[PDB]
């Protein structure tokens, strides 16, 4: 049993509607207005072929930039300096206002929602996960604090290998609807999370996508809102965004908080703008000044033993669902596999969004190229 979850619509029974019941009353009133949440669906365009490159000023300092973006399978690229869009690129076939999967840049959005609730005093990061989700008793999340979930500092038997069909990654995906279910798989994400175990140790960084979905579960228990709605109420609706974001949902309607958000490059930049504005967005304060300061400050360096990350960023760390480079620029970034970055450059008051589709999820090869671009673009924004 995973306890109370937010109803898909007002008065809905647990788990309703399903793929087999959405045409029946009372579900169908909601379902007929939200069918994409139940059944895969395509856009039928209201609008009746070539890359768009407007690299602006940085083009002179980085003449080969477009080629470098092509080489890293760039779909959308945008640089916001202050409030101004100073460079843009979109591949052939991808429009400026098209949405793109964020993969784990989604986590940084989830952490932001958690931060909003901390500012309201509705979540205390020092409290155990079980203060908010008692049903996680007996699991690896029995004992650790919410902050340890936020900072990915819990040892878990979960192999975050994105190509291994035997990995917990795949089971997580199958439980949530990202892959085809197998017989005997957990019915939904909540159930999957309760199956997770570990040796009990904490304090060392271990990246685990399950952690973010636990955060989303906590958000639901504290607010009574579906995570989809909380993500709107506490973040997206305050951004003055051009378009809605989307998020994949599992069979209970639970949003795939760790990886499933899609949005436009320009709108994602608004999240970075909010961070560089001390937590304030056009629609109001999103998180506290202190929360943003802690993100920029980084997590414990000694917790960060990921050789992959520290080989590039020796003084790097991770906190509150953000990667912190600890470099001389103080760069911090949301990161998602296959080349997604929400990259903050506080020195120049700039945000870099890069949304990509590398053939591979995560290799040293792609990260070297991608980080080289992000750092070169950041430096190109320096006063000279």
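Positions refer to the first chain, counted from 1.
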- Message: I'd like to know the size of any gap between residue 48 and residue 49, counted in deposited residues with no coordinates: none, 1 to 3, 4 to 9, or 10 or more.
- Response: 4 to 9
- Message: Using only C-alpha atoms and the B-factors in the entry, which stretch averages higher, 126-134 or 145-153?
- Response: 126-134
- Message: Mean Cα B factor from the PDB record: higher for 248-256, or higher for 190-198?
- Response: 190-198
- Of the options 284, 177, 111, 224, which has the highest CA B factor as deposited? 284
- Note on the structure: For 220, 229, 161, 267, the deposited C-alpha B-factor is largest at 161
- Comparing against every modelled residue in the chain, figure out the third that the C-alpha B-factor of residue 243 lands in (lowest, middle or highest). middle
- Message: Split into thirds by Cα B-factor across the chain's modelled residues, where does residue 234 land: lowest, middle or highest?
- Response: lowest
- Among the chain's modelled residues, which third holds the C-alpha B-factor of residue 63? highest
- Note on the structure: Of the three thirds of Cα B-factor ranks in this chain, residue 329 occupies the middle
- Query: residue 69: which third of its chain by C-alpha temperature factor?
  - Reply: middle
